[PDB]
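Residue numbers (the deposited numbering), protein chains in the order written: chain A, -2 to 335; chain C, 1 to 335. Here a beta-carbon is modelled for each residue, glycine too, at the ideal position from N, C-alpha and C. Quick notes on the structure that follows.
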Ligand SMILES: NC(=O)c1ccc[n+]([C@@H]2O[C@H](COP(=O)([O-])OP(=O)(O)OC[C@H]3O[C@@H](n4cnc5c(N)ncnc54)[C@H](OP(=O)(O)O)[C@@H]3O)[C@@H](O)[C@H]2O)c1
Ligand SMILES: NC(=O)c1ccc[n+]([C@@H]2O[C@H](COP(=O)([O-])OP(=O)(O)OC[C@H]3O[C@@H](n4cnc5c(N)ncnc54)[C@H](OP(=O)(O)O)[C@@H]3O)[C@@H](O)[C@H]2O)c1
């Protein structure tokens, strides 16, 4: 039933991901009571019209997050706006100040304690003072953290945990495409990647979560990034731009954490514009006793980004106040209704 | 070194591997139970070829070993079906001893053996003991599949396909898989009124119960796996002729009132050279999902999962506690 759930939600950002999320919230019976955007064209429009549902929702998109929360006091803010706590702290402060629970796609919020310790401590204290839970989730929740820790649970001895992942820029919106340096020159890329304040890699937060969940001690952290290059003329649907042979179309990171206790963790991740025939991958190997393998074939990264944030909403409402990371939440479960 | 004091109940193919893993985790082996007169009185360390004696003499008297050692946990690798396993599980529950077992039916026995399940659950609760079926299925057929299901918006069908090798395991399992029988002997056996429940039926009962759904329909079928060429079974030390039964393949299906359908095909047979174990699962719905574990190490992860479960089973409430209800399985270098 359309609004069968007690849960009242604000959709914070209305981009590629929250457009999908909004439709899934309605399918679960969640009541959408508010919607926050930045583009002037979008403010004032009905969310239902803006998402191209044949029904109006009776929700007018606002450009004023604090005003929407003060007017609606939702159970949950569902955030798909940015990646790094340096940016995301602005939206997460507004949620926590108003005692509003927040689930966010911010990749750094997956496990932010090590990469952004000051902002993490600040947000955790604020959220605790107002009874609110803040949780970073998305694709990584199952496919790079909880399913990998579960696979590790079948090992007697672990020497190395190795992950390899590929996702398509053109499955996502301009925020991520621009952050992946799509359409930049190699010279622009080299200045950016060497920059003093380059954000932490998505994979660093993944490995911090696995190391912390396993209860191990960091001995050494290393990282490297190279641009992904167009081999021929391509187009980015995410930015609506032509890409010439030699243009940057994304990048590949490799992150590595050695533990004092012996296990080594390594994760290579490419986020780039795909040409025809390319597909996402999720491939993990454990070297030890025994050797283990996990693959998810052409893994639906885009859809499971959105399903995981949605299926987390009851967990995040029910969880203790503060920053609660997905390794500490109960097992993610299939729920037709909320 | 661990506080955990364990009795290794059965000393066959799987408990021989398990014993060495228990020692690696720092678990104290305080007793060992066998059936064979040949094994009784031997030091467990000698019997397993550890190259140190353990100071533990194998006994054929389970009750006596439990009364004498009062272990935290009995680690059972003896048999599969509650009809058999109730004998060892009664001795553990009577003595208030926690038990982790490889018994495949104990993965989720409530529907296939409701009377024996109720009896054992009541007895274990009266003495403060936890009884838990685990092994290979725990992660690869139940908990990892329920986790994958957690990423679906809508599920139409959950479909599994699994292969394991009889010759990775001991005579108990090889004999129960009808290895070396004729097709006519197999057809009489498989049609029998008291044929035990399929391993896969217990898998699907667990997934359906974990998802909180309602059974509408249960179907099952079995066919023998046939030698296409001359083979040998190392498990039974027998030559197998073209046309001989070398194991069997089950297909189990549960339709739910709510819509989702579960299906699981499992083959347990003697392998020829080049064959490998498989674990391949598909979820049809929104979205479509896939999981594969390559040439999955079924033999090693049978033993690692029972070992890695021991802290969970000690800490769990008394009664039959199924692995879908336990906290997430975790890697622990030391117990
Ligand atoms: N964890 C994961 O697996 C995962 C997966 C996919 C994406 N993400 C992350 O989620 C974020 C969003 O991705 P996307 O594909 O949806 O990008 P997108 O299409 O660019 O959407 C971003 C949205 O944020 C809005 N916005 C920007 N600043 C805002 C503010 N101060 N207040 C309210 N709204 C604001 C934009 O508004 P307008 O529409 O009005 O411009 C836009 O709707 C990115 O950082 C991406 O990296 C994470
Ligand atoms: N859940 C799973 O993933 C999984 C995986 C592998 C195996 N299993 C099951 O685990 C069981 C054992 O497998 P295995 O490969 O280790 O078989 P195995 O080598 O035949 O070992 C069976 C053991 O049971 C012992 N035994 C029989 N009756 C006994 C009793 N009353 N008290 C104490 N010991 C007794 C036998 O002792 P003697 O040697 O002294 O005759 C033998 O050592 C089989 O039922 C198999 O189906 C389950």
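Proximity below 7 Å, CB of residue i to CB of residue j
i: residue 294 of chain C; j: residue 269 of chain C; result: no
i: residue 10 of chain C; j: residue 78 of chain C; result: yes
i: residue 16 of chain A; j: residue 48 of chain A; result: yes
i: residue 277 of chain C; j: residue 198 of chain C; result: no
i: residue 129 of chain C; j: residue 93 of chain C; result: yes
i: residue 203 of chain A; j: residue 264 of chain A; result: yes
i: residue 319 of chain C; j: residue 121 of chain C; result: yes
i: residue 195 of chain A; j: residue 219 of chain A; result: no
i: residue 127 of chain A; j: residue 100 of chain A; result: no
i: residue 69 of chain A; j: residue 31 of chain A; result: yes
i: residue 150 of chain A; j: residue 331 of chain C; result: yes
i: residue 153 of chain A; j: residue 257 of chain A; result: no
i: residue 13 of chain A; j: residue 170 of chain A; result: yes
i: residue 187 of chain C; j: residue 108 of chain C; result: no
i: residue 266 of chain C; j: residue 200 of chain C; result: yes
i: residue 134 of chain C; j: residue 5 of chain C; result: no
Residue i at chain A interface by Cβ criterion, 7 Å
i: residue 71 of chain C; result: no
i: residue 325 of chain C; result: no
i: residue 311 of chain C; result: no
i: residue 89 of chain C; result: no
i: residue 1 of chain C; result: no
i: residue 81 of chain C; result: no
i: residue 150 of chain C; result: yes
i: residue 231 of chain C; result: no
i: residue 279 of chain C; result: no
i: residue 300 of chain C; result: yes
i: residue 308 of chain C; result: yes
i: residue 147 of chain C; result: yes
i: residue 106 of chain C; result: no
i: residue 214 of chain C; result: no
Any C-beta of chain C under 7 Å from that of residue i
i: residue 262 of chain A; result: no
i: residue 304 of chain A; result: yes
i: residue 169 of chain A; result: no
i: residue 199 of chain A; result: no
i: residue 330 of chain A; result: yes
i: residue 120 of chain A; result: no
i: residue 294 of chain A; result: yes
i: residue 14 of chain A; result: no
i: residue 134 of chain A; result: no
i: residue 290 of chain A; result: yes
i: residue 287 of chain A; result: yes
i: residue 95 of chain A; result: no
i: residue 266 of chain A; result: no
Beta-carbon separation (whole angstroms), residue i vs residue j, contact threshold 8 Å
i: residue 189 of chain C; j: residue 178 of chain C; result: 6 Å
i: residue 45 of chain A; j: residue 38 of chain A; result: The Cβ separation is near 16 Å, so there is no contact.
i: residue 137 of chain C; j: residue 115 of chain C; result: Not a contact, Cβ separation roughly 23 Å.
i: residue 27 of chain A; j: residue 335 of chain A; result: 6 Å
For residue i, the three-state DSSP class (helix, strand or coil)
i: residue 39 of chain C; result: coil
i: residue 56 of chain A; result: coil
i: residue 62 of chain A; result: helix
i: residue 235 of chain A; result: coil
i: residue 334 of chain C; result: coil
i: residue 302 of chain A; result: helix
i: residue 151 of chain C; result: coil
i: residue 165 of chain A; result: strand
i: residue 329 of chain C; result: coil
i: residue 4 of chain C; result: coil
i: residue 245 of chain C; result: strand
i: residue 240 of chain A; result: strand
i: residue 46 of chain A; result: helix
i: residue 316 of chain A; result: coil
i: residue 83 of chain C; result: helix
i: residue 31 of chain A; result: strand
i: residue 69 of chain C; result: helix
i: residue 321 of chain C; result: coil
i: residue 296 of chain C; result: coil
Sequence ranges, alpha helix (DSSP H) only - wholly within the segment 171 to 236 of chain A, length at least 4: 171 to 176, 183 to 191 and 199 to 211
Beta strand (DSSP E) segments (min. 3 residues) lying fully within the segment 252 to 294 of chain C: 261 to 269, 278 to 286 and 289 to 292
Segments assigned alpha helix (DSSP H), at least 4 residues, entirely inside the segment 94 to 141 of chain A: 114 to 127
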